[PDB]
Structure formats: structure tokens, C-alpha cells
Amino acid sequence: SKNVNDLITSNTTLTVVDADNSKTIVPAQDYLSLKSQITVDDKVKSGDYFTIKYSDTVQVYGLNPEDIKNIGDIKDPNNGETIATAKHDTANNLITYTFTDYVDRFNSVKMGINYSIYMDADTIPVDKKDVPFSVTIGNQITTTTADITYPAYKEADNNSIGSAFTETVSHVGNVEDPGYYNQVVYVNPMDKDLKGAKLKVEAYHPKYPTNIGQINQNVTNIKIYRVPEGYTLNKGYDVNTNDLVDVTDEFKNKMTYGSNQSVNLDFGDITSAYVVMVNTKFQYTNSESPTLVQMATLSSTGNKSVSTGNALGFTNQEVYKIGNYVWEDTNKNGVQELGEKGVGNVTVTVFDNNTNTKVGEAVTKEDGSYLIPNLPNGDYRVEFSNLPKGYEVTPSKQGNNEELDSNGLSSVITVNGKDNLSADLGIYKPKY
Ligand SMILES: [Ca+2]
Ligand SMILES: [Ca+2]
Ligand SMILES: [Ca+2]
Ligand SMILES: [Ca+2]
Ligand SMILES: [Ca+2]
């Protein structure tokens, strides 16, 4: 088991996508498209591993940290097998992929990845031109740049405010735990002297009567921090709380929950900026496409009230695959071995063996692969036919391993809670 970064080579693209066509690049709105075709040296063996490292300005999820699951094992799309398993170490900006026995069973291994990844605002607190974003696949660095341009804080007279959703874990349709979301509110980011300041945060908007936002004393947790003099707030709403002064204890008597998913924070007379962190639980919903809206309004004496807010939309038996290999069993021993190659143009026909009803069919590709999808748990008869002329069927069920043997022309396999890729056929062509 060793690092084989020097035994892969890739054609990689890393592209900044202006997702909202704003003509500006903002971490909260835009994203990075990473694509790579990776060629793996034949010397690589199972348990070897390669890494994908990304720069400090890159992260592998957006608002939902559970989206890390979208960047997972690398699979062969033709035959359904896993080529390498993925392990994230987000603290080290690292993905480690460990090769499976795929690379012991096949030469000329090639892999594709197609990921959406995200910009990390942690080190981009303000507008900056030519910010680099880098991904290192094996030993090859792919670097792209973009100008980062954040929106301005909302203002009304001497009142100013900003807000963003910073984390959303939504389980739409789950009654036990609908999930949670976090919002950050910058209070008075323009650093003014405001008289009788009050902040109203509300999961309420007249346009959204089915809002799944929720604010009340039982589900909501609020932290308040004072911003030191001269501190530059992160315009991407990445808050390093160690840089700020926790003043949550000072907002007893000043914290009031109210109707329509509201909470009111009485700041009084203030001369600094404040960061308000709001953690709260989603409401449950039956709907397929719910909406979350949460507003924040700062009011003070002698100034127009300023409002800002954020809005987001969300989304709400098992079947499996059978396969997957017809190969030319050169040494006739009935066992799939490295260097023996797949056979194309062989017909596979699959039946539910308990009803004798046809459930799928395929023709093997040039690499010998086939897949039969959409099969629930059951017993399935797999019939091979239309072998190449001159070829004979190799001996069946050799080698004491039903994943590496030949099933013969007709056999029955059981699908039980996972893909069953063990219905394989070995053939050879006699010369004598
Ligand atoms: Ca944009
Ligand atoms: Ca290999
Ligand atoms: Ca063999
Ligand atoms: Ca088998
Ligand atoms: Ca197989």
C-alpha cells in the first residue's frame, strides 16, 4: 500500500462558473466545475492510493456539509465496479482514493471525475482580483483564477446590515428530524453611532406562506459578538469567533421572541459592529419544493429601518443492477485473470426465475461489460447467447470464488439488497 501519485496522469479542467450570470464571482452564488480523465499505470495495485489536494480557497461542499457524499467512490460506468474508494479529510483539504482489486483484474485502467466544488471565503474577506483556485490531482496542479466581488451591505440612512445563510442541512420529508440551518447577521457593519438600535430576525415574508423557516425559544440558539475597532468583517460571512468578543450574556432582558417566527434583540445605543449568529431547526413539510426565507431588520432613532434577508429552495422499493462480464478465458481454467480480456457483442437475457418473465437484456460492450438495471430483490436467470463463432464455454464455477468464475450459459443468481455483478461468462476458442 503506497502513494501512487506518480503513477497516474490526468487531463484536468477547473472552471469558474458564474452560476447566476451576474458578471461577478461570489463564493455564495457561484461554484467551480472540476473534471478530469485519469490514466492509471498498470503497476498500480489494490490498496495503493492517490490524492486530490485543493487550495485554501476551495471546499468540497457548499451550504450543506452533507453534500460531501456527492464526491465519493470512483466507479466504472460500463460495469458498475468501484475502481477506487474515496476518503475525505476536509481539515487537510484532501481527498484520498484507495484502489480496489479492479486494478489487479484489469490493465489500461482509466477513471473519470466530474465534481461541483465550491469557493471558500475564509481567506477572501474582501473584494480581490485574480484569486487563485487550485486542485492537485496526483502530482499535477490545475490552477484557475477569478476576481471576487462581494455585494454591498444594505443601508438606509445611518442603518446598515447584511446577512447570509451559512449552513443548511435540510431533510425535507423527514418527520423525526427536518434538519437545521444557520444564518449570520452583520449588525451595523458600517460602524456608526445608532440610537436605540433593535434587530428583528423573522422566518417570515408575506410572499412565502409555506416558509419552512422557524424561530422560537425551543428550537433557536442565538450568539452575539462585538466586532473590535478596525476589524474587517468577512464579506462571505465566514465568521472566526475567536477574533470577536462574545457578548451573548449581555442580551438577557434584551431577547424577546414574538409571533410569526420572530425574535427581537434590543441593542440600545451602540457604536460598534455586531455579528449575530442564528441556529434553528427547519419545520417539517410534506411538500416537494419548499422555500426558506429569513429576514433581519435593523431600526434605530432618526433613521429609516434597513432590512435584508436570504431565501433558499429545497427538494424532498429499492432496485439494483445485475452484471457484468463476458471474457476470453485464454488458459481455459474458468477463472478471470489479469490480462484476459472482455468479449463484445454477446447477448445477455435476464428473467425473473420465479415468474419466468423477462426483466432485462444487454449486448456486451467491447470491454466485455454489461449491466441489467432496475431489478428488485429476487432470483434471476441469466442466459448468455450469440457467442462468437468458434468459441466454447469455459468450465463453470471453478476457483472457489463465484465473483471470479464463469456461470456458464444459464444460471440463477439472487439479488439481495445490493448489486450482484457476479453473473459472468468465460469463453475460449480452441485451436486444436
Ligand atoms: Ca455570479
Ligand atoms: Ca494494476
Ligand atoms: Ca483464466
Ligand atoms: Ca459467478
Ligand atoms: Ca463480474
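One-based numbering along the sequence shown.
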* **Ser406 side-chain N/O to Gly426 backbone N/O, donor-acceptor pair under 3.5 Å** => yes

* Which pairs, with at least one residue in residues 355-366 and sequence neighbours excluded, count as a side chain to side chain donor-acceptor pair (under 3.5 Å)? -> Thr355-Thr357, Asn356-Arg381, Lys358-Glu361

* More than 12 non-hydrogen atoms from neighbouring residues, nucleotides or ligands closer than 6.0 Å to CG on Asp6, yes or no? -> yes

* With no hydrogens and no angle check, do the side chains of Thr51 and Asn5 hold a donor and an acceptor under 3.5 Å apart? -> yes

* Any side-chain heavy-atom pair from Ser10 and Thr12 closer than 4.5 angstrom? -> yes

* **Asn79-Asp367 side chain donor-acceptor pair, cut-off 3.5 Å** => no

* Output the distance between atom CG (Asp76) and atom OG1 (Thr82), rounded to the nearest 0.5 Å. => 9.5 Å

* Heavy-atom count around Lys332 NZ within 6.0 Å, excluding the residue itself: above 12? -> no

* Could you tell me whether the side chain of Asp405 and the main chain of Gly399 form a donor-acceptor pair under 3.5 Å? => no

* Salt bridge check: are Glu81 and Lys75 linked by an N-O gap of less than 4.0 Å? -> no

* Start with the C-alpha gap between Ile161 and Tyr153, add the side-chain angles, then the distance that decides, and say whether side chain to side chain contact (heavy atoms under 4.5 Å, CB included) holds. => CA-CA 6 Å; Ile161 193 175; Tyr153 297 128; over 6 Å; no

* Asked: Can you list the steps and then say if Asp379 with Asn353 is a side-chain hydrogen bond (donor to acceptor under 3.5 Å, both in side chains)?
  -> CA-CA 6 Å; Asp379 308 310; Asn353 198 50; over 6 Å; no

* Please walk me through it: do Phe50 and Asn3 pass side chain to side chain contact (heavy atoms under 4.5 Å, CB included)? -> CA-CA 6 Å; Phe50 75 95; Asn3 179 308; 5.9 Å; no

* Gap separating the OG atom of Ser411 from the CD atom of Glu383, nearest 0.5 angstrom -> 9.5 Å

* To do: Would you indicate whether the side-chain heavy atoms of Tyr180 and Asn279 approach each other to under 4.5 Å?
  => yes

* To do: Would you confirm whether the ring centroid of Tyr61 sits within less than 6.0 angstrom of the ring centroid of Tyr118?
  => no

* CA sep, side-chain torsions, deciding dist, call: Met295, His205, side chain to side chain contact (heavy atoms under 4.5 Å, CB included) -> CA-CA 7 Å; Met295 309 294 303; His205 191 285; 4.0 Å; yes

* Measure the CD-CG distance between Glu328 and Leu425 for me, rounded to the nearest 0.5 Å. => 12.0 Å

* Asked: Has the side chain of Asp329 got a donor or acceptor atom that lies under 3.5 Å from a matching backbone atom of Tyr428?
  -> no

* Quick one: do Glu392 and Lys429 satisfy salt bridge (charged side-chain N to carboxylate O under 4.0 Å, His left out)? Show the steps, please. => CA-CA 6 Å; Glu392 310 242 358; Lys429 174 160 128 177; over 6 Å; no

* Parallel under 30°, tilted from 30 to 60°, perpendicular over 60°: which one fits the rings of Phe106 and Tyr325? -> perpendicular

* Does a side-chain heavy-atom distance below 4.5 Å link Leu375 with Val319? -> no

* Any donor-acceptor N/O pair, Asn324 side chain to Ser369 backbone, under 3.5 Å -> no

* Asked: Does the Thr285 side chain pair with the main chain of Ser287, one donor and one acceptor, at a distance under 3.5 Å?
  -> yes

* Test applied, side-chain contact (heavy atoms from CB on, under 4.5 Å); reference residue, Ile322; option that passes from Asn374, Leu421, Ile413, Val359 -> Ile413

* Does the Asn216 side chain pair with the main chain of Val219, one donor and one acceptor, at a distance under 3.5 Å? -> yes

Which atom pairs, donor and acceptor, lie under 3.5 Å between side-chain atoms of residues 144-152 and protein residues at least two apart or in another chain?
residue	atom	partner	partner atom	Å
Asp147	OD1	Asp130	N	2.8
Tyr150	OH	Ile124	O	2.6

* Any side-chain heavy-atom pair from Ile137 and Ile113 closer than 4.5 angstrom? -> yes

* Asked: Going by atom types only, do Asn174 and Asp177 share a side-chain donor-acceptor pair under 3.5 Å?
  -> no

* Let me see the working for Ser22 and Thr24 under side-chain hydrogen bond (donor to acceptor under 3.5 Å, both in side chains), right down to the final yes or no. => CA-CA 5 Å; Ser22 68; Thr24 62; 2.7 Å; yes

* Picking from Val58, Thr57, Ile25, what satisfies side-chain contact (heavy atoms from CB on, under 4.5 Å) with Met119? -> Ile25

* Using distance alone, with no hydrogens and no angle criterion, decide if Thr414 and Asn416 have a side-chain donor and acceptor under 3.5 Å apart. => no

* Measuring from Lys128:NZ to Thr123:OG1, what's the distance to the nearest 0.5 Å? -> 9.5 Å

* Asked: Roughly how far, to the nearest 0.5 Å, is the CG atom of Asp424 from the CD atom of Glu403?
  -> 9.0 Å

* Asked: Do any N or O atoms from the side chain of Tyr186 and from the backbone of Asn234 form a donor-acceptor pair under 3.5 angstrom?
  -> yes

* Please examine the side chains of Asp104 and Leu338, heavy atoms only from C-beta on, and report whether any two atoms are closer than 4.5 Å. => no

* Sidechain N-carboxylate O distance under 4.0 Å for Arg226, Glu250 -> yes

* **Side-chain donor or acceptor of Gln283 paired with backbone N/O of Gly213 under 3.5 Å** => yes

* Start with the C-alpha distance between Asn182 and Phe165, add both sets of side-chain angles, then the distance that settles side chain to side chain contact (heavy atoms under 4.5 Å, CB included), and finish with yes or no. => CA-CA 6 Å; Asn182 298 337; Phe165 293 137; over 6 Å; no

* Residue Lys254 excluded, over 12 heavy atoms near NZ under 6.0 Å -> yes

* CD/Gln183 to OH/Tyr237 distance, rounded to the nearest 0.5 angstrom? -> 9.5 Å

* Answer whether the closest heavy-atom distance between the side chains of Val382 and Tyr370 falls below 4.5 Å. => yes

* Heavy-atom side-chain proximity of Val346 to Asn386 below 4.5 angstrom -> no

* **More than 12 heavy atoms from other groups under 6.0 Å of NZ on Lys53** => yes

* **Sub-4.5 Å side-chain heavy-atom contact between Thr13 and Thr142** => no

* Check whether more than 12 heavy atoms from other residues, nucleotides or ligands sit under 6.0 Å from atom CG of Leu409, and answer yes or no. => yes

* Within the side chain of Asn93, is there an N or O that forms a donor-acceptor pair under 3.5 Å with the backbone of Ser55? -> yes

* Asked: Does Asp101 reach the main-chain N or O of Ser46 with its side chain, forming a donor-acceptor pair under 3.5 Å?
  -> no

